[PDB]
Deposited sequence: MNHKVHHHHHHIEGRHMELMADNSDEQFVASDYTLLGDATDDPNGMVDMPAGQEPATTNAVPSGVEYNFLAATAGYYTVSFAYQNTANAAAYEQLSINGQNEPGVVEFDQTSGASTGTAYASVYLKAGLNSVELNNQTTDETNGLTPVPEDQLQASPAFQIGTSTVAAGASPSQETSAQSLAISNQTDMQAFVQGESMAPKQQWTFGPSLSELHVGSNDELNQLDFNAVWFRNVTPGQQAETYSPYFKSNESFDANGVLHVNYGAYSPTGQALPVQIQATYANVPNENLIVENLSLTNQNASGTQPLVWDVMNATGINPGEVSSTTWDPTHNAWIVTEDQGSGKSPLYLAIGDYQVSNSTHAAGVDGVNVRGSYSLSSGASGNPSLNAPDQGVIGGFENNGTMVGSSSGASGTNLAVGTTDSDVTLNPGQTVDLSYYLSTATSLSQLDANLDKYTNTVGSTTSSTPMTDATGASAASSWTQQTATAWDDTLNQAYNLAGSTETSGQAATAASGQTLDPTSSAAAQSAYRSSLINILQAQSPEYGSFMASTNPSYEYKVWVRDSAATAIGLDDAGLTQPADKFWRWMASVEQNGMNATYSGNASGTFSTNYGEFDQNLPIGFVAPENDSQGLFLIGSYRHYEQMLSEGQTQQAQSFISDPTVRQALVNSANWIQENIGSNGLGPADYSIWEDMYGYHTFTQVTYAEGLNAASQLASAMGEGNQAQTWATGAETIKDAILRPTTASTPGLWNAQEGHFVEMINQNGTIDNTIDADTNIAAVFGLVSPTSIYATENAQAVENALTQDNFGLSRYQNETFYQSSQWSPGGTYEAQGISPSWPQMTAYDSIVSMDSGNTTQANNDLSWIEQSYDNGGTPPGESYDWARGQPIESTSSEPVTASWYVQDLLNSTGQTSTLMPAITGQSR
């Protein structure tokens, strides 16, 4: 439904504008005598309760963001709606996802931004007070949740599925990041030497040289968002120039295309003059500049044929050098320079200083970048250069930007282990896909063709995945009901976007060499592999029918299992895993919290489900290949024997730190993975040539199950509080009960260790919903828990989440799964809508957490593949395309 300006009730100093829009006044409503909110209100009739997206068309030509409080039914929504500076004469759209009641809902936008959680404002108070006067037009209310507008992922990886990962990062990746620089392509990891970051940065500078205007270089100090399209191409949308607070009158968009089964990254910059029709055309110079890893002694010569710098970069002791081409698809207006930066790009401007002034005006006229920042002329050699701190650049000059007419400028990166291979690459990548000196025409077409090939290649990969039942997806595998299930199609556009975004994001975060997943695409978690996260990630890919990349992961996990050579206790014996591994090595264990004994079970569960999934898709050769692989078979058997042998006299396996990694004891979560691990082992027994062990493992699975379900008040305590109707966190080392309600205890019902309709499942689910809910359907891990809030361990800095016990989409996912399975589809669908609005700008799966105080996903660990997986498991479970359930544990082998 559409609400035009004339449908609004005006409040306070909100006035009608002669131009038909509404004038919103500057500033925050003070707590003074007769103070009233200024803004707009209207009423919307909701046919059914649930999530709707509320949008406002607006203009903001000031050099600061405006903030308004969204209020539904007189209740201030978490956080404030941000109205960012709009380019030239363009109209922006601000939007929020809100839970509406059935029937009439009041929708109000006002300057009452004065509420606090935990003594904090959702954005700094000084920015709420500096909120400038701006204009709003039409409001829209549409059915369905939308991703967070205000919070974007600020670090994402692009993979070629073979040997090359690049990271594209905004100017700030976490609140606590003191340095500012971006957006940029800042990391490059290639198979030949995967640990090494080949680059310092590859980034784009813009210079206005419009006749009659003050010439000025805009360096990479922009607010930005970034997200994948449906076809695996990464989009970066530029906002305000942070140092001046200006929306430049040109809209800047960049796409990065890492071409699968090639060695090419295409960068496409779209420049659109957003000034009114008939205004003086703008003229811009654009520099694409690359700093090589400063420590690596490197040399470069110009290649005039391919219009590229050819770099030889040393790789350290005893390793062959890497050869890189950094090219410019524009020829006629292109100049080139090699030498030094001439500036510290990460020491020129800090976001903390606000609109402190364009740092380009302070740059000395030295180096490739200093020169361009200073007067638009790169300083250095047009032939070549050599040393540490090597920099190269290409400038495209006198680019005419007419009102409303998009101009594309493209650049490229290729790597090879030999100059001869790089030259062959360059002949390929400076021409169209099918297809000597490159022209403006052949360059433009090459960039287009290879960008399109990226899209085609990712489409062919994602066509191995199931179509979402009821969606407009047709090119994938036929939507099929899983065992036990009935198809339950969804027409939800939000579900289709999130499903697609989730799959592409999981695959782009997978090591192309090794098959291990980055737990987070943000360096806050050091790109480390958590074996739990990756296992749970692969379970999701299998559910989605993506058995190939899943298979690559399961075989990797088998290969890195600890064989017990250096065993000192059960936690690192045969059949166990390191909590962490490196993302850029075949097998580099990294010391972290230990023991975590959930990985054994999840390995068995996921491998079992992977085997069965391949059989379900008729991939019988691939299934037989997997289960008969000596490494997989031995790894699975060792893990099974570990759980079986380490069952104690109380029927529980060893104490651990488990999923939250924060307390030692007999955790319900890990105990469930033990029981279901042995269940999985029993199921696989015959196929692993271990038929005689099937009954032992089935008995083991029942023994641990019976221990979990045993009352806490029994003579030998179990993990079930019968008095309160919920699982406990854990039994402590000394036999006392940690009675804390933990949303992760829904894992019992998720795997079907208890039936989802059992008293155990329904009572536990109700306890968790009752005690751990924030923002309607956000579930906390447990109460009085400060990770992302006060905790020093908070990866993005303290109070990134302001509300204690932040909401975790993974926990909301468990609730949705258990709710769906027990016939409560209302709760299941509300949960899915909630997870969809926990996603970041442009539909990127978020990190671990969501600040229920601010209505914002956490930036610092966006994006987290395991979160994407749990959404996919949740959604496909709700359409009956998967069942998260394992076979019932009975103590009988099949």
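*Asks:* Could you name the stretches of the deposited sequence that have no C-alpha atoms in this structure?
*Replies:* According to the record, the gaps fall at 1 to 25, 461 to 464.
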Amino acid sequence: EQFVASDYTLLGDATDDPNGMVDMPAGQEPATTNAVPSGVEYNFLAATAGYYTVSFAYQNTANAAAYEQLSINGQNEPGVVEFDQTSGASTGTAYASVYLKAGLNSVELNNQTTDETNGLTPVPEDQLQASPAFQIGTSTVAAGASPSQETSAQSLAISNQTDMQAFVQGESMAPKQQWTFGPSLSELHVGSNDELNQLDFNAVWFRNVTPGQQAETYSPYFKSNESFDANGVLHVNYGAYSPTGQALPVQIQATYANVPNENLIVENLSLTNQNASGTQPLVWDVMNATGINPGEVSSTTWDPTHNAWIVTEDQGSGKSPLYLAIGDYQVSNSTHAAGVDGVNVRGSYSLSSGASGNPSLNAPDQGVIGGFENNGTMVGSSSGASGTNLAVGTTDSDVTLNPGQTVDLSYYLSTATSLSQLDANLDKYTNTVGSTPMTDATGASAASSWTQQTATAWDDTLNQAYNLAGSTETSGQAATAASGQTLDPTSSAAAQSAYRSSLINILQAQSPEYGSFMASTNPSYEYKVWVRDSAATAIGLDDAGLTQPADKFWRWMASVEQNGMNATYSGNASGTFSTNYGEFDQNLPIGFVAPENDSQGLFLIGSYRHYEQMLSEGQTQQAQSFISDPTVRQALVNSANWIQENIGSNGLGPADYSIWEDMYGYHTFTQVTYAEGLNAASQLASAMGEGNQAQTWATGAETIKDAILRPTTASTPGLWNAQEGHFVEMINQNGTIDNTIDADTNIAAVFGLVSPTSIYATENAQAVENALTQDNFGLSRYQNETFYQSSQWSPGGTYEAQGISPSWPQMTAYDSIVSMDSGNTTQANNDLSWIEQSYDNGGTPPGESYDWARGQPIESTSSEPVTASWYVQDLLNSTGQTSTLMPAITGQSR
From here on, numbers count along this sequence of modelled residues.
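*Asks:* Read off the CA B-factors in the entry, average them over 294 to 302 and over 106 to 114, and name the higher stretch.
*Replies:* On average, C-alpha B-factors are higher across 294 to 302.
*Asks:* Can you tell me which stretch has the higher mean Cα B-factor, 634 to 642 or 440 to 448?
*Replies:* For C-alpha atoms only, the mean B-factor is higher in 440 to 448.
*Asks:* By the CA temperature factor listed in this entry, which of these ranks top: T745, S97, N784, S320?
*Replies:* Within the set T745, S97, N784, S320, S320 shows the top C-alpha B-factor.
*Asks:* Would you mind checking which of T474, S607, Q149, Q485 has the top Cα temperature factor in the PDB entry?
*Replies:* Answer, based on the entry's C-alpha B-factors: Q485.
*Asks:* Give the position of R207 by CA B-factor within its chain, expressed as the lowest, middle or highest third.
*Replies:* According to the entry, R207 has a C-alpha B-factor in the chain's highest third.
*Asks:* What third of its chain, lowest, middle or highest, does the C-alpha temperature factor of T9 fall into?
*Replies:* Middle third, going by the recorded CA B-factors of the chain.
*Asks:* In terms of the CA temperature factor given in the entry, to which third of its chain does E313 belong: lowest, middle or highest?
*Replies:* Highest third, going by the recorded CA B-factors of the chain.
*Asks:* When the deposited Cα B-factors of this chain's modelled residues are ordered and cut into thirds, is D16 in the lowest, the middle or the highest one?
*Replies:* For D16, the deposited C-alpha B-factor lands in the highest third.
*Asks:* By the recorded C-alpha temperature factor, relative to the other modelled residues in its chain, which third is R346 in?
*Replies:* Ranked within chain, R346 CA B lands in the highest tercile.
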